[PDB]
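A single chain, nothing else alongside it, follows as structure tokens in the form deposited in one PDB entry.
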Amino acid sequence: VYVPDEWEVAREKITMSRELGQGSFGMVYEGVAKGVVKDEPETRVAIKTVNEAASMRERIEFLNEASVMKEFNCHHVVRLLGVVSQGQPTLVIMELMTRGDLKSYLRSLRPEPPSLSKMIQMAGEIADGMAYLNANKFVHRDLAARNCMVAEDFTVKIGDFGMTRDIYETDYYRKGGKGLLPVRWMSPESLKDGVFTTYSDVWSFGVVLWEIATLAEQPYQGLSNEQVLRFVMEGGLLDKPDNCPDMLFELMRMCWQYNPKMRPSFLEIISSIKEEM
């Protein structure tokens, strides 16, 4: 969009309530949208916005990125509901994930022993999505607990809040003063040669596993960003989390195989888990 399609919807249908946080292209809100889900009058939505400052060509960056999600149909990726293109506010509508990001959820559980089952359950839902994504030649590049989203019924879905929430600023290194990088989630090949594949994603899934087991500790805590680079690229791995089940630690190690070709497909992982069930 360029070229509005059947996805285009009316600004009037979309009422915005409170804020969620800062997206790459502008703020993001809670809200409600009528006639966007069939057999359903009203729908709780995340309204993503561009900026009353940033003009046409970075307003197109935004829409054409969301044009990619039109292809998608996984109950385990966050759903595009519509677009609002013609008009100065310029916003995208998305199924509202009501329990927020998975890092926040896991941290909300700290201050009071999560079942192998519960964790295997989540890890399976996460791989469902990533399996679909990588199926459709889509490589996420920032798979992390902070980009997994939780539903009213505790279902996990792959999303992407972007690299720019105040709340997770310690999760990004500005390497070279070039882009923000999730250096703690990145494969040695992503770190050295800037290589991003479906297996760069399987590396980050292993880190997410680690996050699930730790109720979202900072990976490689006690290492500065430059030291993580050095550590991982030089063959270095994360330690087995305290009270981590073996099932789970051994997935993480398959995901952290140095040589990307030795790591498994999300399909391999879904297979691997779905026996333990």
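One-based numbering along the sequence shown. By rigid core we mean the largest C-alpha set that fits within 1.5 Å across both forms.
Per the compared records, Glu112 is unresolved in at least a third of the other entries whose models span it. For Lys175, the record comparison shows coordinates absent in at least a third of the other entries of this protein that model its neighbours. The modelled chain breaks after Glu112 and resumes at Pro113, leaving 4 to 9 residues of the deposited sequence without coordinates. If you average the C-alpha B-factors over 29-37 and over 226-234, the higher value belongs to 29-37.
Per the PDB record, of the two stretches 189-197 and 103-111, 103-111 carries the greater mean B-factor over its C-alpha atoms. By the numbers in the PDB entry, the CA B factor is greatest at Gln86 among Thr98, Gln86, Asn73, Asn134. Take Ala145, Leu91, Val150, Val183 and read off each C-alpha B-factor from the entry; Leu91 has the highest. Ranked by C-alpha B-factor against the other modelled residues of its chain, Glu61 falls in the highest third. Among all modelled residues in this chain, the alpha-carbon of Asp246 has a temperature factor (C-alpha) in the middle third. Placement of the Cα temperature factor of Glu52 within the chain: highest third of the modelled residues, per the deposited record. Annotation for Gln257: CA B-factor lies in the lowest third of the chain's modelled residues.
When the modelled residues of the chain are ordered by C-alpha B-factor, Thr214 sits in the lowest third.
Below, we turn to the form deposited in another entry, even though it does not appear here.
When the two forms are overlaid on the rigid core, CA displacement between the shown form and the other one of 2 Å or more is confined, within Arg141, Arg99, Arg165, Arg79, to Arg165. Fitting the two forms on the rigid core leaves the C-alpha of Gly21 displaced by at least 2 angstroms between the shown form and the other one.
Note on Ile158 and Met163: their C-alpha atoms are nearer in the other form, a change of at least 3 Å from this conformation. Relative to this form, the distance between the C-alpha atoms of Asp160 and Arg79 is reduced by at least 3 angstroms in the other form.
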